[PDB]
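This is data_17.json (JSON, C-alpha atoms).
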```json
[["chain", "number", "residue", "atom", "x", "y", "z"],
["Y", 13, "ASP", "CA", 61.43, -37.21, -22.07],
["Y", 14, "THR", "CA", 60.52, -38.52, -25.52],
["Y", 15, "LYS", "CA", 59.40, -42.07, -26.29],
["Y", 16, "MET", "CA", 58.43, -44.31, -29.18],
["Y", 17, "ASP", "CA", 54.83, -45.20, -30.00],
["Y", 18, "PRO", "CA", 54.85, -48.91, -28.96],
["Y", 19, "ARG", "CA", 53.94, -50.13, -32.45],
["Y", 20, "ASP", "CA", 56.63, -48.14, -34.25],
["Y", 21, "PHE", "CA", 59.16, -49.69, -31.85],
["Y", 22, "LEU", "CA", 57.83, -53.10, -32.83],
["Y", 23, "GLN", "CA", 58.45, -52.04, -36.41],
["Y", 24, "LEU", "CA", 61.98, -51.32, -35.22],
["Y", 25, "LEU", "CA", 62.46, -54.72, -33.58],
["Y", 26, "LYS", "CA", 61.06, -56.19, -36.82],
["Y", 27, "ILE", "CA", 63.55, -54.43, -39.09],
["Y", 28, "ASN", "CA", 66.37, -55.47, -36.76],
["Y", 29, "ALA", "CA", 65.09, -59.03, -36.92],
["Y", 30, "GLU", "CA", 65.13, -59.15, -40.73],
["Y", 31, "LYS", "CA", 68.72, -57.91, -41.08],
["Y", 32, "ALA", "CA", 69.61, -60.24, -38.25],
["Y", 33, "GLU", "CA", 72.47, -62.59, -39.04],
["Y", 34, "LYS", "CA", 71.66, -65.97, -40.56],
["Y", 35, "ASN", "CA", 73.87, -68.36, -38.59],
["Y", 36, "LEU", "CA", 75.92, -66.38, -36.12],
["Y", 37, "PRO", "CA", 78.57, -68.31, -34.16],
["Y", 38, "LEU", "CA", 77.31, -68.63, -30.60],
["Y", 39, "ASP", "CA", 80.51, -67.04, -29.27],
["Y", 40, "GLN", "CA", 80.01, -63.96, -31.42],
["Y", 41, "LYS", "CA", 76.29, -63.66, -30.91],
["Y", 42, "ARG", "CA", 77.37, -63.36, -27.29],
["Y", 43, "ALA", "CA", 80.15, -60.81, -27.75],
["Y", 44, "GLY", "CA", 77.85, -58.66, -29.85],
["Y", 45, "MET", "CA", 75.14, -58.91, -27.21],
["Y", 46, "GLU", "CA", 77.60, -57.46, -24.70],
["Y", 47, "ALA", "CA", 78.79, -54.78, -27.10],
["Y", 48, "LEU", "CA", 75.21, -53.95, -28.05],
["Y", 49, "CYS", "CA", 73.64, -54.09, -24.57],
["Y", 50, "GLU", "CA", 76.41, -51.75, -23.40],
["Y", 51, "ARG", "CA", 75.05, -48.75, -25.27],
["Y", 52, "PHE", "CA", 72.04, -48.95, -22.96],
["Y", 53, "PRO", "CA", 71.69, -46.73, -19.83],
["Y", 54, "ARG", "CA", 72.43, -47.97, -16.31],
["Y", 55, "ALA", "CA", 70.50, -46.50, -13.38],
["Y", 56, "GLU", "CA", 72.44, -43.72, -11.71],
["Y", 57, "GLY", "CA", 73.93, -44.31, -8.28],
["Y", 58, "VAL", "CA", 74.00, -48.07, -8.57],
["Y", 59, "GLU", "CA", 77.45, -49.27, -7.60],
["Y", 60, "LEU", "CA", 78.49, -52.41, -9.42],
["Y", 61, "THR", "CA", 80.43, -54.61, -7.02],
["Y", 62, "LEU", "CA", 81.94, -57.55, -8.86],
["Y", 63, "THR", "CA", 81.39, -60.29, -6.25],
["Y", 64, "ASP", "CA", 80.14, -63.89, -6.06],
["Y", 65, "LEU", "CA", 77.64, -66.28, -4.49],
["Y", 66, "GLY", "CA", 78.31, -69.95, -3.79],
["Y", 67, "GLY", "CA", 81.38, -69.71, -5.99],
["Y", 68, "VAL", "CA", 79.20, -68.53, -8.85],
["Y", 69, "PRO", "CA", 80.14, -65.10, -10.30],
["Y", 70, "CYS", "CA", 77.72, -62.23, -9.77],
["Y", 71, "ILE", "CA", 77.47, -58.47, -10.07],
["Y", 72, "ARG", "CA", 75.97, -57.23, -6.83],
["Y", 73, "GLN", "CA", 74.18, -53.89, -7.19],
["Y", 74, "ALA", "CA", 72.85, -51.36, -4.72],
["Y", 75, "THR", "CA", 72.45, -47.66, -4.07],
["Y", 76, "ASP", "CA", 74.28, -45.91, -1.26],
["Y", 77, "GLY", "CA", 71.25, -46.04, 1.03],
["Y", 78, "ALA", "CA", 69.86, -49.47, 0.11],
["Y", 79, "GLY", "CA", 67.68, -51.31, 2.61],
["Y", 80, "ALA", "CA", 68.17, -54.86, 3.87],
["Y", 81, "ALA", "CA", 65.95, -56.46, 1.22],
["Y", 82, "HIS", "CA", 67.58, -58.65, -1.45],
["Y", 83, "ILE", "CA", 66.95, -59.63, -5.05],
["Y", 84, "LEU", "CA", 68.70, -62.69, -6.40],
["Y", 85, "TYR", "CA", 68.39, -62.21, -10.18],
["Y", 86, "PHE", "CA", 68.79, -64.60, -13.13],
["Y", 87, "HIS", "CA", 69.18, -63.04, -16.58],
["Y", 88, "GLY", "CA", 67.55, -64.24, -19.77],
["Y", 89, "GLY", "CA", 69.11, -65.45, -23.00],
["Y", 90, "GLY", "CA", 67.62, -68.79, -23.94],
["Y", 91, "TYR", "CA", 69.85, -70.53, -21.41],
["Y", 92, "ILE", "CA", 72.66, -70.19, -23.97],
["Y", 93, "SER", "CA", 73.53, -66.50, -23.66],
["Y", 94, "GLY", "CA", 73.27, -63.35, -21.60],
["Y", 95, "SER", "CA", 75.19, -62.22, -18.54],
["Y", 96, "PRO", "CA", 74.79, -60.01, -15.46],
["Y", 97, "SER", "CA", 76.45, -57.35, -17.63],
["Y", 98, "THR", "CA", 74.04, -57.37, -20.58],
["Y", 99, "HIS", "CA", 71.14, -56.87, -18.15],
["Y", 100, "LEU", "CA", 72.52, -54.01, -16.03],
["Y", 101, "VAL", "CA", 70.04, -51.90, -17.96],
["Y", 102, "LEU", "CA", 67.16, -53.67, -16.26],
["Y", 103, "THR", "CA", 68.64, -54.82, -12.97],
["Y", 104, "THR", "CA", 70.26, -51.49, -12.11],
["Y", 105, "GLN", "CA", 66.80, -50.01, -12.37],
["Y", 106, "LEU", "CA", 65.32, -52.85, -10.34],
["Y", 107, "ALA", "CA", 67.93, -52.46, -7.63],
["Y", 108, "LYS", "CA", 67.37, -48.72, -7.42],
["Y", 109, "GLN", "CA", 63.57, -48.37, -7.61],
["Y", 110, "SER", "CA", 63.33, -50.80, -4.71],
["Y", 111, "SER", "CA", 66.27, -49.77, -2.50],
["Y", 112, "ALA", "CA", 67.57, -53.30, -2.36],
["Y", 113, "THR", "CA", 70.84, -55.06, -2.97],
["Y", 114, "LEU", "CA", 70.41, -57.04, -6.16],
["Y", 115, "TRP", "CA", 72.64, -60.03, -6.90],
["Y", 116, "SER", "CA", 72.78, -60.68, -10.65],
["Y", 117, "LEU", "CA", 74.03, -64.26, -10.92],
["Y", 118, "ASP", "CA", 76.34, -65.43, -13.71],
["Y", 119, "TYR", "CA", 75.05, -69.02, -13.89],
["Y", 120, "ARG", "CA", 76.67, -71.30, -16.48],
["Y", 121, "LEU", "CA", 75.33, -71.34, -20.02],
["Y", 122, "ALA", "CA", 74.87, -74.18, -22.50],
["Y", 123, "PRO", "CA", 76.12, -75.95, -24.53],
["Y", 124, "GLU", "CA", 79.28, -75.83, -22.41],
["Y", 125, "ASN", "CA", 77.20, -76.85, -19.39],
["Y", 126, "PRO", "CA", 73.68, -78.11, -20.15],
["Y", 127, "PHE", "CA", 70.98, -78.91, -17.61],
["Y", 128, "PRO", "CA", 71.15, -79.02, -14.63],
["Y", 129, "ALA", "CA", 74.29, -76.85, -14.48],
["Y", 130, "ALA", "CA", 72.48, -73.49, -14.41],
["Y", 131, "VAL", "CA", 69.70, -74.62, -12.08],
["Y", 132, "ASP", "CA", 72.41, -75.91, -9.76],
["Y", 133, "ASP", "CA", 74.18, -72.54, -9.54],
["Y", 134, "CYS", "CA", 70.91, -70.75, -8.86],
["Y", 135, "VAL", "CA", 70.36, -73.04, -5.86],
["Y", 136, "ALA", "CA", 73.91, -72.78, -4.58],
["Y", 137, "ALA", "CA", 73.69, -68.99, -4.80],
["Y", 138, "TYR", "CA", 70.34, -68.87, -3.00],
["Y", 139, "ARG", "CA", 71.72, -71.15, -0.28],
["Y", 140, "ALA", "CA", 74.61, -68.74, 0.07],
["Y", 141, "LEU", "CA", 72.35, -65.74, -0.14],
["Y", 142, "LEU", "CA", 70.25, -67.04, 2.75],
["Y", 143, "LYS", "CA", 73.19, -66.86, 5.15],
["Y", 144, "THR", "CA", 74.25, -63.40, 3.95],
["Y", 145, "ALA", "CA", 70.72, -62.08, 3.90],
["Y", 146, "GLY", "CA", 70.06, -63.66, 7.28],
["Y", 147, "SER", "CA", 66.45, -64.57, 6.54],
["Y", 148, "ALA", "CA", 64.72, -66.06, 3.51],
["Y", 149, "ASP", "CA", 62.08, -63.49, 4.40],
["Y", 150, "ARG", "CA", 64.02, -60.54, 3.03],
["Y", 151, "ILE", "CA", 64.87, -62.21, -0.28],
["Y", 152, "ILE", "CA", 63.04, -62.27, -3.59],
["Y", 153, "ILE", "CA", 63.80, -64.17, -6.79],
["Y", 154, "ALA", "CA", 63.49, -62.67, -10.25],
["Y", 155, "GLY", "CA", 64.51, -63.15, -13.86],
["Y", 156, "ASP", "CA", 63.55, -62.58, -17.50],
["Y", 157, "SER", "CA", 62.78, -65.27, -20.13],
["Y", 158, "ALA", "CA", 65.04, -68.28, -19.45],
["Y", 159, "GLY", "CA", 66.06, -66.42, -16.29],
["Y", 160, "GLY", "CA", 62.38, -66.48, -15.46],
["Y", 161, "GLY", "CA", 62.31, -70.26, -15.78],
["Y", 162, "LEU", "CA", 65.21, -70.58, -13.39],
["Y", 163, "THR", "CA", 63.60, -68.41, -10.72],
["Y", 164, "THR", "CA", 60.95, -71.14, -10.43],
["Y", 165, "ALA", "CA", 63.16, -74.10, -11.37],
["Y", 166, "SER", "CA", 65.73, -73.27, -8.71],
["Y", 167, "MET", "CA", 63.01, -72.80, -6.09],
["Y", 168, "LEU", "CA", 61.53, -76.20, -6.85],
["Y", 169, "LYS", "CA", 65.02, -77.69, -6.62],
["Y", 170, "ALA", "CA", 65.47, -75.78, -3.37],
["Y", 171, "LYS", "CA", 62.18, -77.05, -1.94],
["Y", 172, "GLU", "CA", 63.40, -80.55, -2.84],
["Y", 173, "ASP", "CA", 66.74, -79.98, -1.11],
["Y", 174, "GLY", "CA", 64.94, -78.46, 1.86],
["Y", 175, "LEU", "CA", 65.68, -74.71, 1.88],
["Y", 176, "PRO", "CA", 63.08, -72.16, 3.06],
["Y", 177, "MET", "CA", 61.03, -70.47, 0.33],
["Y", 178, "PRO", "CA", 61.80, -66.84, -0.62],
["Y", 179, "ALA", "CA", 59.32, -64.04, 0.03],
["Y", 180, "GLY", "CA", 58.44, -63.87, -3.62],
["Y", 181, "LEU", "CA", 59.11, -64.61, -7.26],
["Y", 182, "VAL", "CA", 59.10, -62.04, -10.05],
["Y", 183, "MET", "CA", 59.19, -63.24, -13.64],
["Y", 184, "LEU", "CA", 59.38, -61.25, -16.85],
["Y", 185, "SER", "CA", 58.07, -63.11, -19.94],
["Y", 186, "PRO", "CA", 58.96, -66.44, -18.33],
["Y", 187, "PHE", "CA", 60.34, -69.17, -20.63],
["Y", 188, "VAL", "CA", 58.91, -72.27, -18.96],
["Y", 189, "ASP", "CA", 57.75, -74.70, -21.64],
["Y", 190, "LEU", "CA", 60.59, -75.97, -23.80],
["Y", 191, "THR", "CA", 58.19, -78.13, -25.84],
["Y", 192, "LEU", "CA", 57.44, -74.90, -27.72],
["Y", 193, "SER", "CA", 53.92, -76.17, -28.37],
["Y", 194, "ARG", "CA", 51.18, -73.92, -26.95],
["Y", 195, "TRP", "CA", 48.70, -71.46, -28.51],
["Y", 196, "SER", "CA", 50.88, -68.32, -28.54],
["Y", 197, "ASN", "CA", 53.87, -70.32, -29.81],
["Y", 198, "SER", "CA", 52.20, -70.65, -33.21],
["Y", 199, "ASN", "CA", 49.56, -67.92, -33.14],
["Y", 200, "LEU", "CA", 51.89, -65.03, -32.27],
["Y", 201, "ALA", "CA", 55.13, -66.41, -33.70],
["Y", 202, "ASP", "CA", 55.03, -63.83, -36.51],
["Y", 203, "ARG", "CA", 54.54, -60.97, -34.05],
["Y", 204, "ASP", "CA", 57.56, -61.82, -31.90],
["Y", 205, "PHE", "CA", 60.69, -60.24, -33.40],
["Y", 206, "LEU", "CA", 62.86, -61.36, -30.50],
["Y", 207, "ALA", "CA", 61.87, -64.83, -29.27],
["Y", 208, "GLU", "CA", 61.80, -66.19, -32.81],
["Y", 209, "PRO", "CA", 60.77, -69.66, -34.02],
["Y", 210, "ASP", "CA", 64.12, -71.05, -35.15],
["Y", 211, "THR", "CA", 65.63, -69.21, -32.20],
["Y", 212, "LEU", "CA", 63.84, -70.93, -29.33],
["Y", 213, "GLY", "CA", 64.31, -74.18, -31.22],
["Y", 214, "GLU", "CA", 68.10, -74.56, -30.95],
["Y", 215, "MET", "CA", 67.79, -72.61, -27.73],
["Y", 216, "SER", "CA", 65.76, -75.44, -26.21],
["Y", 217, "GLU", "CA", 67.73, -78.16, -28.04],
["Y", 218, "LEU", "CA", 71.07, -77.06, -26.63],
["Y", 219, "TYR", "CA", 69.81, -76.57, -23.09],
["Y", 220, "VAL", "CA", 67.96, -79.88, -22.97],
["Y", 221, "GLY", "CA", 71.01, -81.93, -24.03],
["Y", 222, "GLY", "CA", 69.57, -85.43, -24.26],
["Y", 223, "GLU", "CA", 67.54, -84.87, -21.09],
["Y", 224, "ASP", "CA", 63.75, -84.74, -21.13],
["Y", 225, "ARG", "CA", 62.07, -81.56, -22.36],
["Y", 226, "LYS", "CA", 59.17, -82.10, -19.97],
["Y", 227, "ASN", "CA", 61.48, -82.60, -17.01],
["Y", 228, "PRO", "CA", 59.77, -80.40, -14.34],
["Y", 229, "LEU", "CA", 63.06, -78.71, -13.49],
["Y", 230, "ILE", "CA", 63.44, -77.80, -17.17],
["Y", 231, "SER", "CA", 59.88, -76.78, -18.10],
["Y", 232, "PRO", "CA", 58.32, -75.94, -14.68],
["Y", 233, "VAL", "CA", 54.93, -75.79, -16.37],
["Y", 234, "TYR", "CA", 54.80, -79.58, -15.81],
["Y", 235, "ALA", "CA", 55.94, -79.58, -12.21],
["Y", 236, "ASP", "CA", 54.33, -79.95, -8.83],
["Y", 237, "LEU", "CA", 54.45, -76.20, -8.27],
["Y", 238, "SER", "CA", 52.96, -76.75, -4.83],
["Y", 239, "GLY", "CA", 54.57, -74.97, -1.91],
["Y", 240, "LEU", "CA", 56.19, -72.16, -3.91],
["Y", 241, "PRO", "CA", 55.91, -68.54, -2.67],
["Y", 242, "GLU", "CA", 53.81, -65.81, -4.27],
["Y", 243, "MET", "CA", 54.77, -64.93, -7.81],
["Y", 244, "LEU", "CA", 54.27, -61.83, -9.93],
["Y", 245, "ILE", "CA", 54.40, -62.19, -13.72],
["Y", 246, "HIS", "CA", 54.60, -59.51, -16.38],
["Y", 247, "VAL", "CA", 54.52, -60.31, -20.09],
["Y", 248, "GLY", "CA", 54.09, -58.46, -23.37],
["Y", 249, "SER", "CA", 51.32, -59.17, -25.85],
["Y", 250, "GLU", "CA", 53.68, -59.59, -28.80],
["Y", 251, "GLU", "CA", 55.10, -62.83, -27.47],
["Y", 252, "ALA", "CA", 55.40, -66.35, -28.78],
["Y", 253, "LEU", "CA", 56.02, -67.23, -25.15],
["Y", 254, "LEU", "CA", 52.79, -65.57, -24.05],
["Y", 255, "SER", "CA", 51.22, -68.95, -23.35],
["Y", 256, "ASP", "CA", 54.07, -69.79, -20.96],
["Y", 257, "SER", "CA", 53.05, -66.88, -18.78],
["Y", 258, "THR", "CA", 49.40, -67.86, -18.85],
["Y", 259, "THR", "CA", 49.94, -71.62, -18.58],
["Y", 260, "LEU", "CA", 52.39, -71.31, -15.69],
["Y", 261, "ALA", "CA", 49.89, -69.01, -14.00],
["Y", 262, "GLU", "CA", 47.15, -71.59, -14.52],
["Y", 263, "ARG", "CA", 49.12, -74.49, -13.15],
["Y", 264, "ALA", "CA", 50.81, -72.65, -10.29],
["Y", 265, "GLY", "CA", 47.34, -71.24, -9.73],
["Y", 266, "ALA", "CA", 45.68, -74.63, -9.52],
["Y", 267, "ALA", "CA", 48.79, -75.80, -7.72],
["Y", 268, "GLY", "CA", 47.79, -73.51, -4.89],
["Y", 269, "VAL", "CA", 50.29, -70.70, -5.38],
["Y", 270, "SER", "CA", 49.29, -67.03, -5.31],
["Y", 271, "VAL", "CA", 49.80, -65.54, -8.76],
["Y", 272, "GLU", "CA", 49.49, -62.09, -10.33],
["Y", 273, "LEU", "CA", 49.71, -61.79, -14.10],
["Y", 274, "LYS", "CA", 49.77, -58.64, -16.16],
["Y", 275, "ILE", "CA", 49.76, -58.72, -19.95],
["Y", 276, "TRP", "CA", 51.01, -55.45, -21.45],
["Y", 277, "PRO", "CA", 49.55, -54.39, -24.80],
["Y", 278, "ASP", "CA", 51.91, -53.89, -27.77],
["Y", 279, "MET", "CA", 54.93, -54.86, -25.69],
["Y", 280, "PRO", "CA", 57.61, -57.33, -26.94],
["Y", 281, "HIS", "CA", 59.51, -60.12, -25.19],
["Y", 282, "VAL", "CA", 61.03, -58.71, -21.99],
["Y", 283, "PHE", "CA", 60.07, -55.13, -22.79],
["Y", 284, "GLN", "CA", 61.45, -54.00, -19.42],
["Y", 285, "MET", "CA", 64.78, -53.79, -21.25],
["Y", 286, "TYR", "CA", 63.66, -51.03, -23.56],
["Y", 287, "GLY", "CA", 62.70, -48.31, -21.13],
["Y", 288, "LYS", "CA", 64.85, -46.10, -23.32],
["Y", 289, "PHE", "CA", 62.06, -46.12, -25.93],
["Y", 290, "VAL", "CA", 58.79, -47.48, -24.64],
["Y", 291, "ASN", "CA", 56.99, -46.01, -21.66],
["Y", 292, "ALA", "CA", 55.46, -49.29, -20.40],
["Y", 293, "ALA", "CA", 59.02, -50.44, -19.78],
["Y", 294, "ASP", "CA", 59.11, -47.93, -16.92],
["Y", 295, "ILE", "CA", 55.57, -48.44, -15.65],
["Y", 296, "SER", "CA", 56.31, -52.15, -15.35],
["Y", 297, "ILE", "CA", 59.63, -51.69, -13.51],
["Y", 298, "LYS", "CA", 57.91, -49.28, -11.13],
["Y", 299, "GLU", "CA", 55.08, -51.76, -10.59],
["Y", 300, "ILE", "CA", 57.50, -54.66, -10.20],
["Y", 301, "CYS", "CA", 59.32, -52.75, -7.47],
["Y", 302, "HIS", "CA", 56.26, -51.51, -5.66],
["Y", 303, "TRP", "CA", 55.41, -55.20, -5.56],
["Y", 304, "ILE", "CA", 58.78, -56.41, -4.36],
["Y", 305, "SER", "CA", 59.36, -53.94, -1.52],
["Y", 306, "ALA", "CA", 55.80, -54.37, -0.29],
["Y", 307, "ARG", "CA", 56.55, -58.10, 0.17],
["Y", 308, "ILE", "CA", 59.83, -57.38, 1.93],
["Y", 309, "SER", "CA", 57.79, -55.40, 4.45]]
```
Structure rendered as structure tokens:
Amino acid sequence: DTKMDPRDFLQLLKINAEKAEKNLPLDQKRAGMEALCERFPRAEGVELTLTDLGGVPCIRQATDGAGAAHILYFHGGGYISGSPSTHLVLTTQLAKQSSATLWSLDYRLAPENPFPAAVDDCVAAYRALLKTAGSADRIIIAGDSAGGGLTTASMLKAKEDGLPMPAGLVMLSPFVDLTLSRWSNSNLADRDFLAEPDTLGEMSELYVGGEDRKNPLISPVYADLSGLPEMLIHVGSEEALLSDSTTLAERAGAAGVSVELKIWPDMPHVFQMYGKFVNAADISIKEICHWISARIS
């Protein structure tokens, strides 16, 4: 079917950015994210079981004939928004193109619960998911933006605690440096009509809550990423957070982790959400799944 020329779509995200609301109450910005992200298409044949993990709410997802593999998923939303719901668009596709049961976790958001609330839930869930899954070998962790920072964060916290490392980590435009201070952050700020300057600011501020911005469990890009499992990273070119994806790859790289990074031309922050319009959205999903299942094999 028909698609948008990447650039034009950017022009679309740009126009939407301009008319964006000035100071929208956090509770409404949320409600409208749900309303909005509900007009998007959910993969067909993906039953949405409303279950839980470690007492943390989650929308399990799987096709009728799903394998034994498992994807514990953390959504994005600057740590202050988003929900398993909002991301069905992406996860339903992930769960289907990989024949795996995907567990979209509803970890707590800030300011109601700042760090380490979310990280904590991600661990608890994993811990739970190990038992259910049977082996850490058939599990994979994934998330977009902030959700990408938790897929690492939680695994570092898990290593600390003493749990076995998953088979792999998949991150989409990871948000891993809350100091908002690297090359892309300033150089591409204009180009990013989603992860905006003032946006990330309060985003970080609220999540950090007094705590230290360079706390490894908050901005993994400063951690001892040693011991973590292989990680795949996809990121768009039009991203202020581009340098997070490259810097986390560098460190984890030098930290001794296996890393695969792909930077997609003309794609915006977490483009995998806009399959509806841009082709790469699909190519990426397909590549992310070929990657996942190959690991759980």
Name all residues at most 10 Å from residue Y:204 (count all atoms listed in the file; drop same-chain ones fewer than 3 positions away) and give them as a compact mmCIF listing (two decimals) with C-alpha atoms, in the coordinates of the input.
```txt
# COMPACT_ATOMS: atom_id res chain seq x y z
CA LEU Y 22 57.83 -53.10 -32.83
CA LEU Y 25 62.46 -54.72 -33.58
CA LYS Y 26 61.06 -56.19 -36.82
CA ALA Y 29 65.09 -59.03 -36.92
CA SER Y 196 50.88 -68.32 -28.54
CA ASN Y 197 53.87 -70.32 -29.81
CA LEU Y 200 51.89 -65.03 -32.27
CA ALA Y 201 55.13 -66.41 -33.70
CA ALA Y 207 61.87 -64.83 -29.27
CA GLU Y 208 61.80 -66.19 -32.81
CA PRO Y 209 60.77 -69.66 -34.02
CA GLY Y 248 54.09 -58.46 -23.37
CA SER Y 249 51.32 -59.17 -25.85
CA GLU Y 250 53.68 -59.59 -28.80
CA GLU Y 251 55.10 -62.83 -27.47
CA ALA Y 252 55.40 -66.35 -28.78
CA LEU Y 253 56.02 -67.23 -25.15
CA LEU Y 254 52.79 -65.57 -24.05
CA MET Y 279 54.93 -54.86 -25.69
CA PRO Y 280 57.61 -57.33 -26.94
CA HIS Y 281 59.51 -60.12 -25.19
```
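Minimum distance to residue Y:294 across Y:38, Y:271, Y:106, Y:81 (counting only C-alpha atoms) occurs at Y:106.
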Ranking Y:141, Y:168, Y:233, Y:100 by minimum distance to residue Y:263 and counting only C-alpha atoms, which one comes first? Y:233
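Closest to residue Y:144 among Y:165, Y:269, Y:65, Y:117 is Y:65, based on only C-alpha atoms.
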Show me, as a PyMOL selection string, the residues that have an atom within 12 Å of residue Y:175 when counting all atoms listed in the file, minus same-chain residues fewer than 3 positions from it. chain Y and resi 135-143+147-148+166-172+178+239-240
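Of the listed residues (Y:199, Y:111, Y:193, Y:103), Y:193 comes nearest to residue Y:259; the distances count all atoms listed in the file.
Going from atom CA of residue Y:285 over to atom CA of residue Y:41, you cover 18.0 Å.
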Select all residues near (65.5, -80.3, -9.8) (cut-off 12 Å, inclusive, file coordinates), counting only C-alpha atoms, and output them as a ChimeraX atom specification. /Y:127-135,162,164-174,227-232,235-237
Could you turn the residues from that selection into a file that holds C-alpha atoms, as a tab-separated table (two decimals), in the frame of the given file?
```tsv
chain	number	residue	atom	x	y	z
Y	127	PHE	CA	70.98	-78.91	-17.61
Y	128	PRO	CA	71.15	-79.02	-14.63
Y	129	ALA	CA	74.29	-76.85	-14.48
Y	130	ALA	CA	72.48	-73.49	-14.41
Y	131	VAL	CA	69.70	-74.62	-12.08
Y	132	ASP	CA	72.41	-75.91	-9.76
Y	133	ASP	CA	74.18	-72.54	-9.54
Y	134	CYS	CA	70.91	-70.75	-8.86
Y	135	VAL	CA	70.36	-73.04	-5.86
Y	162	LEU	CA	65.21	-70.58	-13.39
Y	164	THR	CA	60.95	-71.14	-10.43
Y	165	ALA	CA	63.16	-74.10	-11.37
Y	166	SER	CA	65.73	-73.27	-8.71
Y	167	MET	CA	63.01	-72.80	-6.09
Y	168	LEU	CA	61.53	-76.20	-6.85
Y	169	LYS	CA	65.02	-77.69	-6.62
Y	170	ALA	CA	65.47	-75.78	-3.37
Y	171	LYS	CA	62.18	-77.05	-1.94
Y	172	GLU	CA	63.40	-80.55	-2.84
Y	173	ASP	CA	66.74	-79.98	-1.11
Y	174	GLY	CA	64.94	-78.46	1.86
Y	227	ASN	CA	61.48	-82.60	-17.01
Y	228	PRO	CA	59.77	-80.40	-14.34
Y	229	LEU	CA	63.06	-78.71	-13.49
Y	230	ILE	CA	63.44	-77.80	-17.17
Y	231	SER	CA	59.88	-76.78	-18.10
Y	232	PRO	CA	58.32	-75.94	-14.68
Y	235	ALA	CA	55.94	-79.58	-12.21
Y	236	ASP	CA	54.33	-79.95	-8.83
Y	237	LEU	CA	54.45	-76.20	-8.27
```
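Taking all atoms listed in the file into account, residue Y:275 lies nearest to Y:184 out of the set Y:98, Y:189, Y:184, Y:262.
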Separating atom CA of residue Y:78 from atom CA of residue Y:59, to the nearest tenth of an Å, is a gap of 10.8 Å
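Closest to residue Y:299 among Y:56, Y:217, Y:278, Y:272 is Y:272, based on only C-alpha atoms.
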Provide the atom CA of residue Y:218 to atom CA of residue Y:122 distance in Å, to one decimal place. 6.3 Å
